[PDB]
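First up is the structure itself, then whatever we jot down about it.
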Amino acid sequence: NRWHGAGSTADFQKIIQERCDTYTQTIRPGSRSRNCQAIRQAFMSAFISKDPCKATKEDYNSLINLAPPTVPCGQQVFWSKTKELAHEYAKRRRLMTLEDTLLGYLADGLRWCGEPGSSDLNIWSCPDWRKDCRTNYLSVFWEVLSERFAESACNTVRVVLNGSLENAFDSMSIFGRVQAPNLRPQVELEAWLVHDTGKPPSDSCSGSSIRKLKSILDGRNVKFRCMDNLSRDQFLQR
Amino acid sequence: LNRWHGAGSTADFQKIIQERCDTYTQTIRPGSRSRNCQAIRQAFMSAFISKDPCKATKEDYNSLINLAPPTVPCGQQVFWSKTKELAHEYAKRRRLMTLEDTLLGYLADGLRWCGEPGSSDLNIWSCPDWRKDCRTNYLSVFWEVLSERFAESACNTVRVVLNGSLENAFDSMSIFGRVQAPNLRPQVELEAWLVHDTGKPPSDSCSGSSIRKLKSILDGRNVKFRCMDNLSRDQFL
Ligand SMILES: NC(=O)c1ccc[n+]([C@@H]2O[C@H](COP(=O)([O-])OP(=O)(O)OC[C@H]3O[C@@H](n4cnc5c(N)ncnc54)[C@H](O)[C@@H]3O)[C@@H](O)[C@H]2F)c1
Ligand SMILES: *[C@@H]1O[C@H](CO)[C@@H](O[C@@H]2O[C@H](CO)[C@@H](O)[C@H](O)[C@H]2NC(C)=O)[C@H](O)[C@H]1NC(C)=O
Ligand SMILES: *[C@@H]1O[C@H](CO)[C@@H](O[C@@H]2O[C@H](CO)[C@@H](O)[C@H](O)[C@H]2NC(C)=O)[C@H](O)[C@H]1NC(C)=O
């Protein structure tokens, strides 16, 4: 197919419904009950048969309202450029990243796109964010989910950043661009800049990029505590 | 066209929306960054103009709510039902926030609006009454959409000001009842303040039908509940 991105995950619909069952029954049973058939149907309806490069935030409002990415106060974890580590940290400390919310869990690691005049997914290729269009259903999903995740944050939240990069805070990242500026006001944020096993840090809490982050948080009336110069192992020990 | 049961659209609706948006974003609650009030007003108009006033859906307000979500800091939220004036004077004095203190709630408070298919203008003549005409009207749908997100957004300790004075301080069919209470997140703690007129005595209290009503809803959602009754209008304020 013509897009520069990999095609939709095979059997997407089955995966998201089975993941929904597993999540609602065995991961976060609670609660209030949710219909996973309805959630799957809402997920498909958001993007199926639509122009794969005209995704808007508004296409996802209904899906999100069925299961907002809300995490109990003091359990929320943000991350940027630290995928593996942040999730290991969350899993071990019993915390929740975006990928641990119902909708994040459904979509984590999946790919999807549709095609006008078709009720099927495009399993051949999907729009690439850089080569094709930013406004694609995969990228917009994560942007909008990220935004609501940031909005619903409460009490103490933590963020895991990459101390082996020149700028641990990337203002063009999803964290920098969508999450930090939408963080609920008056929450408290603790940041951990963590470096490879490995090697001396390339960024710190005193670096320019973190000062940029503090400036955004000052604006959101968010108290900020930053810790750095820790290796992955040292971090996971504290 | 004057066929509906409800008062027509507020005259100057568009001007009023723009003025209030400027006031809110510049003088009341300046944000950490700017919101484009022209864009907000355009989105508000586009939601309903030239549409069947009885075919409103929540989706019609997606763009608008995305421009200005009615969310606020934990512990800040004041809910109300049948206690508008009291609740708002309460909120003001304690520097808390009702829905009407959010950007969109502030824009829309006390206004009416509806359109008519094939017309680019508001219907100044009449608009659908939510009882006598249709529930799916742009005025009722707006408040339900806003109310739901505001309730969703609540965290830590939040409060609701009830009246009674009424045989049922908690009306299960009010917006608070259908839409707010049932959308509070688990572990949120709701304080209910049953305030009678003062005024001769009450009519309802933290014991009654109406509450086993509310409390029941909170239970089963995992919302903690504190009910303070036997309070007057002067005590409370
Ligand atoms: N500012 C407002 O006009 C407003 C309207 C509706 C709802 N709210 C939000 O919900 C709560 C109050 O609504 P309520 O229905 O619990 O309280 P009432 O005093 O019973 O009603 C307030 C106004 O809403 C109207 N109302 C109630 N149900 C509907 C409906 N289904 N459709 C249109 N209007 C309705 C009602 O007639 C009254 O003028 C309050 O916490 C606030 F957050 C605000
Ligand atoms: C900080 O960022 C770097 C760059 O992304 C990460 O290193 C990559 O990690 C992946 C996943 O293990 C490897 O497959 C790549 O080979 C690595 N790329 C490079 C350029 O080294 C690193 O894991 C991050 N560090 C922390 C502490 O999260
Ligand atoms: C409880 O409900 C009653 C009835 O709505 C409220 O009384 C009204 O208040 C307004 C504003 O002062 C008056 O103009 C109306 O005449 C009143 N209506 C009736 C039927 O009395 C009363 O304000 C509410 N009490 C509290 C504590 O909010």
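Positions of Cβ are backbone-derived with ideal geometry, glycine not excepted, and every protein chain shown enters the neighbour counts. No lab work stands behind these numbers, since they all come straight from the coordinates.
For chain A, what is the percent of antiparallel DSSP beta bridges, rounded to the nearest 5?
10
Express the relative contact order of the stretch A:132-238 as a whole percentage, based on alpha carbon pairs under 8 Å and six or more residues apart in sequence.
30
Relative to the Cα centre, what is the charge dipole magnitude of the stretch B:162-223, using +1 at the beta carbon of each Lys and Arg, -1 at the beta carbon of each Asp and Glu, and rounding to the nearest 20 debye?
That gives a dipole near 200 debye.
Report, ordered by chain and residue number, the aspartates and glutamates lying within cross-link reach of B:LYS215, taken as a straight Cα distance under 15 Å and ignoring same-chain residues fewer than 8 apart.
Excluding near neighbours in sequence, the set is B:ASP171, B:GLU189, B:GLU191, B:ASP204, B:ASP229.
So which GluC sites (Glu not before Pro) in the stretch B:138-237 pass both tests, a DSSP loop state and at most 13 other Cβ atoms within 10 Å of the Cβ?
Answer by residue number: B:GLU167.
With n ≥ 4 as the cut-off for DSSP H runs, can you work out [θ] at 222 nm for chain B, using -39500 (n - 2.57) per run divided by the number of residues, rounded to the nearest 500?
-9000 deg cm²/dmol
With the contact rule set at Cα under 8 Å and sequence spacing of 6 or more, what percent relative contact order holds for chain B?
Answer for chain B is 22 percent.
Using only the alpha carbon atoms of the stretch B:4-74, find the Kirkwood hydrodynamic radius as the inverse mean reciprocal pair distance, in angstroms to one decimal.
13.8
With no solvent and one point per C-alpha, what does the Debye sum give as log10 I(q)/I(0) for chain B at q = 0.15 Å⁻¹?
Log10 of I(q)/I(0), two decimals: -1.07.
Count the DSSP beta bridges whose two residues both fall in the protein assembly as shown, then state the antiparallel fraction as a percent rounded to the nearest 5. Could the numbers behind the result be given before it?
Working: 4 of 42 bridges.
Taking every DSSP beta bridge within the protein assembly as shown, about 10 percent pair in antiparallel fashion.
Expressed as cubic angstrom per residue, what is the convex hull volume of the alpha carbon set of the stretch A:51-117? Can you show the working numbers first?
Working: hull volume 7.9 nm³, N = 67.
Spelled out: Cα convex hull of the stretch A:51-117, divided by residues, is 118 Å³.
With a Förster radius of 51 Å, plug the Cβ-Cβ distance of A:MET172 and A:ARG34 into 1/(1 + (r/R0)^6) and report the FRET value to the nearest 0.05. Let's see the in-between values first.
Details: r = 34 Å, r/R0 = 0.67.
After rounding, the FRET efficiency stands at 0.90.
In Å and from the alpha-carbon atoms only, list the Rg and Dmax of the stretch A:117-238.
Both quantities, over Cα of the stretch A:117-238: 17.1, 54 Å.
For the stretch A:173-238 and the stretch B:6-48, what is the centre-to-centre distance using only Cα atoms, to the nearest Å?
Centre-to-centre (Cα) distance: 36 Å.
In whole Å, how far is the Cα centre of the stretch A:85-100 from that of the stretch B:78-152?
A separation of 40 Å, based on Cα centres.
Using the Cβ atoms and a cut-off under 14 Å, what net charge is assigned to the surroundings of B:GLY8, where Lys and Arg are +1 and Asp and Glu are -1?
-3
Using a Debye calculation, one point per C-alpha and no hydration shell, please list log10 I(q)/I(0) for the protein assembly as shown at q = 0.06, 0.07, 0.09 Å⁻¹ in order.
So the normalised log intensities are -0.30, -0.41, -0.69.
For a quick check, take a GNM of chain B with Cα springs below 10 Å and name the residue from B:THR83, B:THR57, B:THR27 with the largest mean-square fluctuation.
B:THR27
Using a 10 Å cut-off around each Cβ of peptide B:62-74, what is the average number of partner chain Cβ atoms that fall inside?
Across the residues of B:62-74, the mean count of other-chain Cβ atoms within 10 Å is 4.
Identify all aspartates and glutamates with a Cα-Cα distance to A:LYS199 below 17 Å; exclude those on the same chain that are fewer than 8 residues away in sequence.
Within reach: A:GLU166, A:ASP228, A:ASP233.
Among B:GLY220, B:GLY208, B:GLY75, which one moves the most in a GNM of chain B with springs linking Cα atoms closer than 10 Å?
Of the options given, B:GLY220 has the highest mean-square fluctuation.
So which of A:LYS14/A:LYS50; A:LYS54/B:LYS51; A:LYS57/B:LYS84; A:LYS91/A:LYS212; A:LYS81/A:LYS214; A:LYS50/B:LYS58 end up more than 22 Å apart by C-alpha?
In this structure, A:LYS54/B:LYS51; A:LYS57/B:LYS84; A:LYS91/A:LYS212 lie more than 22 Å apart at Cα.
Calculate log10 I(q)/I(0) of the stretch A:129-193 for q = 0.20, 0.25, 0.29 Å⁻¹, where I(q) comes from the Debye formula with a single equal point scatterer on each Cα and nothing for solvent.
-0.87, -1.11, -1.23
Considering the Cα positions of the stretch B:1-142, please state its Rg to one decimal place and its Dmax as a whole number of Å.
Just the Cα atoms of the stretch B:1-142 yield Rg and Dmax of 15.6, 47 Å.
Could you tell me what a quarter of the Cα convex hull surface of the stretch B:83-126 works out to, in nm² with one decimal place?
Answer in nm², one decimal: 4.3.
Can you tell me the length gained on complete extension of the stretch B:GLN42 to B:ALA7, counting 0.36 nm per residue apart and subtracting the Cα distance?
Stretched fully, the B:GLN42-B:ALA7 segment lengthens by 10.3 nm.
What does the charge count near A:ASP203 come to, summing +1 for each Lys or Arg and -1 for each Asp or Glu among other residues with Cβ under 13 Å from its Cβ?
Values: positive: A:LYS81, A:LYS199, A:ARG211, A:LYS212; negative: A:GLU166, A:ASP170, A:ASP196, A:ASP228.
Cβ neighbours under 13 Å give a net charge of 0.
Which residue fluctuates the most in chain B, going by a Gaussian network model with Cα springs under 10 Å, if the choices are B:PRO202, B:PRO182, B:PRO73?
B:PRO73
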